[PDB]
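J.: Below: the sequence, then the experimentally determined structure.
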Amino acid sequence: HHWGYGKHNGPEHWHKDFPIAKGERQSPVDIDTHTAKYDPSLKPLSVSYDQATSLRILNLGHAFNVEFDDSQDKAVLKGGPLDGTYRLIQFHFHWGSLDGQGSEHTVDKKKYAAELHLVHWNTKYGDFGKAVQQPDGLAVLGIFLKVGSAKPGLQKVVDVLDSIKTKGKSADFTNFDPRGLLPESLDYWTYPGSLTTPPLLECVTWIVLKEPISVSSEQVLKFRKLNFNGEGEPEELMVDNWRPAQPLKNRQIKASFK
Ligand SMILES: [Zn+2]
């Protein structure tokens, strides 16, 4: 018995086991485009994924993760509001049961069908485990997905989902290029936040891209065929694995554009 997205263990219940859920810098948040402040000090994002090495895709019960080799600076994120080098460790998605919901962050209260999270950790802290204990330990790149035309670079992920339908299943997933998931523009908003799943640590510097990337209804449909449960257990479709927007409180959202 643990946390999930059901009516008995959903986000509204998380605070009982993880008190930080009611913290001062929780994520996600609603991005108000008119209150967001343009900051000329912000440098362009530097995404170096040319040497990225994917290893495995895994169903972790609350979503599926596509893991990368982070033993060296193969795939890194620099620039933007960041100071230092952050290594890509995984990426995953959150999606809904309907096309009108699924994203965690919202833009002027607008919800997207899904949201992609590329997680990177600050190399100065050695390893992911130590990084999550620091205020500038992680740097998550968030990308919105809207339903429209299909995304060629996502199909490879879509095709292997059948092999990791239930919790605990994993499959080799090599030579996947994450560059195929990026929109044309790298304009972004940024704010200090947390991990949107337990244990909800406030160690994150969020970089949410303004431009969404389109996926077809067929591609999103296959996401909805995954199961929260493990094999041999009652089937529960993996849908609506998103946390609602949290209070912004004493925080300012900055934009790299105007
Ligand atoms: Zn996420």
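T.: Everything's here; your move. Numbers count the residues shown, from 1 in each chain.
J.: Help me confirm that residue 118 is found in a strand?
T.: Yes. Secondary structure assignment places residue 118 in a strand (DSSP: H, G, I helix; E, B strand; the rest coil).
J.: List the residues that contact it.
T.: By CB atoms under 8 Å, 6 or more residues apart in numbering, residue 118 lies in contact with 77, 88, 90, 91, 140, 141, 143, 178, 181. In short, each C-beta sits where N, CA and C put it, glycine included.
J.: what do you get for residue 228?
T.: 4, 5, 61, 62, 167, 236, 237, 238, 241.
J.: Name the nearest of the contacts of residue 118 relative to residue 104.
T.: residue 140 (10.5 Å; CB to CB).
J.: Next one: the closest one relative to residue 233, how far apart?
T.: 31 Å (CB to CB, to the nearest Å).
J.: Quick check on the two: which one has the bigger neighbour count.
T.: More crowded of residue 140 and residue 233, by other CB atoms under 10 Å: residue 140, with 22 against 11.
J.: tell me the contacts of the more buried one?
T.: Counting by CB under 8 Å, 6+ apart, residue 140 has contacts 117, 118, 119, 120, 204, 205, 206, 207.
J.: Which of those residues has the largest number of neighbours?
T.: residue 120 (29 neighbours).
J.: Burial check on the closest residue in space to that one that isn't next to it in sequence, number of neighbours?
T.: Among residues not flanking residue 120 along the chain, residue 86 sits closest, at 3.6 Å (CB to CB, 6 or more residues apart in numbering). Applying other CB under 10 Å, we find 28 residues neighbouring residue 86.
J.: My reading is that residue 163 is in a helix; is that accurate?
T.: Yes. The assignment for residue 163 is a helix, going by three-state DSSP.
J.: which SSE is the residue nearest to it when sequence neighbours are not counted in?
T.: Nearest residue to residue 163, sequence neighbours excluded (CB to CB, 6+ apart): residue 171, at 4.7 Å. According to DSSP states H and E, residue 171 maps onto strand 170-172.
J.: Surely residue 85 touches residue 121?
T.: No. Between residue 85 and residue 121 there is no contact under CB atoms under 8 Å: 9.8 Å.
J.: Show me which of the two is the more surrounded one.
T.: residue 121 (26 against 17).
J.: circling back to that earlier point, who's in contact with the residue nearest to residue 163?
T.: Residue 171 neighbours (CB under 8 Å, 6+ apart): 56, 57, 58, 160, 163, 164.
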